[PDB]
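Below is one structure; the comments refer to it alone.
In this analysis, Cβ positions are derived from the backbone assuming ideal geometry, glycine residues included, and neighbour counts consider all displayed protein chains. Every read-out reported here was derived from the displayed coordinates using simple, explicitly stated rules and does not represent laboratory data.
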Amino acid sequence: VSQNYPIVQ
Amino acid sequence: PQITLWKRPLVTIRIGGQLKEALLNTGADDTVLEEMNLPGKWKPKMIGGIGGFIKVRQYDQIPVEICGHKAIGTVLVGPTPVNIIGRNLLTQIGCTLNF
Amino acid sequence: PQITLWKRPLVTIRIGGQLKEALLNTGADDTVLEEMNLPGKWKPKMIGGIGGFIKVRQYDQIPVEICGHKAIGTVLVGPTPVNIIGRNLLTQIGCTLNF
């Protein structure tokens, strides 16, 4: 499964 | 080039001769863009992020142009906090992490 | 080193007398680790990405050792599906993107 971890506050 | 991480590595890309700013994400498997209009047919897909799974639209073989660099891969269009250029394309342009 | 991106840039770090795998994520602003025990006072915070938001605990000046180098900063600890080393610690170890 396609994993995409951008993170924003 | 060689971009530092003192600030979000946001560069510009011309997806299908159209300009939109996106983030270079070594933490993403694919390239995800916020509601955009690409032609051709598409397959719905499920991808996962920090919070769970979401439904995104899939387009195959779209010509992307990251900082004067030619790349042709799969772009996903769906709700995403920011536009993202994932490893799927970053590789095609010989991008690497060095420290 | 020179991490190529044809596969998740996972590396080994060392924090609180523990070895753990983390992801070199240039797409994250802070550093989020899976639930664990760190010493000191921490404050709440909501961080979000694709999929939603999760409440984390923020600890400051925590000494980390990314795949071989020193680096103390801010480590957020919460229900993250994977450990992530953000741009806050990546810069401290002089990390960059080159394509």
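In deg cm²/dmol and to the nearest 500, what is the mean residue ellipticity at 222 nm of chain C if only DSSP H runs of at least 4 residues count, each as -39500 (n - 2.57), divided by the residue total?
Here the helix-only value at 222 nm equals -1500 deg cm²/dmol.
Please give the charge dipole size of chain B, origin at the Cα centre, charges +1 on K and R Cβ atoms and -1 on D and E Cβ atoms. Round to the nearest 20 debye.
It comes to approximately 100 debye.
Please compute, over every Cα-Cα pair in the stretch C:29-79, the percentage with a separation greater than 18 angstrom.
So the pairs more than 18 Å apart make up 30 percent of the total in the stretch C:29-79.
Would you please state the base-10 log of I(q)/I(0) at q = 0.08, 0.09, 0.19 1/Å for the protein assembly as shown, with intensities from the Debye formula using one equal scatterer on every alpha carbon?
Values, matching the q order: -0.26, -0.33, -1.34.
With N set to the residue count of chain C, report its C-alpha Rg divided by 2.2 N^0.38 Å to two decimal places. All intermediate terms of the calculation are to be shown ahead of the outcome.
Working: Rg = 13.0 Å, N = 99, 2.2 N^0.38 = 12.6 Å.
Cα-based Rg divided by the globular estimate yields 1.03.
Out of the DSSP beta bridges found with both residues in chain C, what percent are antiparallel (nearest 5)?
Taking every DSSP beta bridge within chain C, about 80 percent pair in antiparallel fashion.
Arranged by the count of other C-beta atoms within 10 angstrom, fewest first, what order do B:36, C:46 take?
Going from least to most buried by this count: C:46, B:36.
Determine the percent antiparallel among the DSSP beta bridges restricted to the protein assembly as shown, to the nearest 5.
Expressed as a percentage, antiparallel bridges in the protein assembly as shown total about 80.
I'd like the trypsin sites (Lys or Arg not before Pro) in chain B restricted to DSSP loop residues with at most 16 other Cβ atoms within 10 Å, sorted by number. Before the final figure, lay out the partial values.
Numbers: sites: B:7, B:14, B:20, B:41, B:45, B:55, B:57, B:70, B:87; in loops: B:7, B:41.
Those that pass, being in a loop and sparsely packed, are B:7, B:41.
When the dipole is taken about the Cα centre of the protein assembly as shown, and only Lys, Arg (+1) and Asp, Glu (-1) are charged at their Cβ, what size is it in debye, to the nearest 20?
So the dipole magnitude of the protein assembly as shown works out to roughly 120 debye.
Distance from the Cα centre of the stretch B:19-78 to that of the stretch C:19-92, in angstrom?
After rounding, the separation between the Cα centres reads 26 Å.
In peptide B:43-49, what is the residue-averaged number of other protein chain Cβ atoms found within 10 Å of each Cβ?
4
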